[PDB]
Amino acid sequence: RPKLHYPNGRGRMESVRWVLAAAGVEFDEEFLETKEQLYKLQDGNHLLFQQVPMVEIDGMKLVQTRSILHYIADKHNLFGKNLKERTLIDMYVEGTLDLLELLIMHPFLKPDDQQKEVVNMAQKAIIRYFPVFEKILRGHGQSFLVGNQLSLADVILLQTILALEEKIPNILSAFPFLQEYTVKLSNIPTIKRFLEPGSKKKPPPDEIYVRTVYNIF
């Protein structure tokens, strides 16, 4: 049973929860709340590079989010069936992660900048990303980005889109394919559950989380 190390919040660990969940893998969590708990962690030589996310899985202590996600994907058929597949998934993933980031950084912005920034997400999404995906989808008619099966790209995309919708509720408006895709995915049972209550799915970060994060580091 995979163990997740991280503060209790979304952060960067979210995508991990997301994948795990989708894979229908149950896992546990050990929360950081202090610099000190962190210290012990590092002190124990648990964090390969002194930082979290760290995930204990398959007798390993994985670090590096991308690294981790790739592991799990590979452990559960979320990584395609060949190089070409793999390759796409990969790029889709990296690109998305780039957008997701804005979300990730958001909370630590100077409230004033927070706003400007929302507007910016909106534009990148609309302009840079959503279109790519819409097209892909539009052009193969399948319910998955790649190879007619759920992949890592789908989960990150989903993750992100929702997250974005939390800030810009209508962002999808011009992307009827993306809308459909989103719906269906969310219907996948694992996901459906994850989305439901009492999931390890974290909420949008609050003042506290931030504080704490600032505290731990």
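Start at 1 with the first residue shown and count on from there.
Stretches 96 to 104 and 135 to 143 differ in mean CA B factor, with 135 to 143 having the higher one. If you average the C-alpha B-factors over 194 to 202 and over 19 to 27, the higher value belongs to 194 to 202.
Out of 167, 66, 35, 46, the entry records its largest CA B-factor for 35.
The PDB entry assigns residue 124 a C-alpha temperature factor belonging to the lowest third of its chain's modelled residues. Residue 181: CA B factor in the middle third of modelled residues in this chain (values from the PDB entry).
Looking at the C-alpha B-factors along this chain, the one for residue 91 belongs to the lowest third. The PDB entry assigns residue 72 a C-alpha temperature factor belonging to the lowest third of its chain's modelled residues.
Among the modelled residues of its chain, residue 118 has a C-alpha B-factor that falls in the lowest third, as given in the PDB entry.
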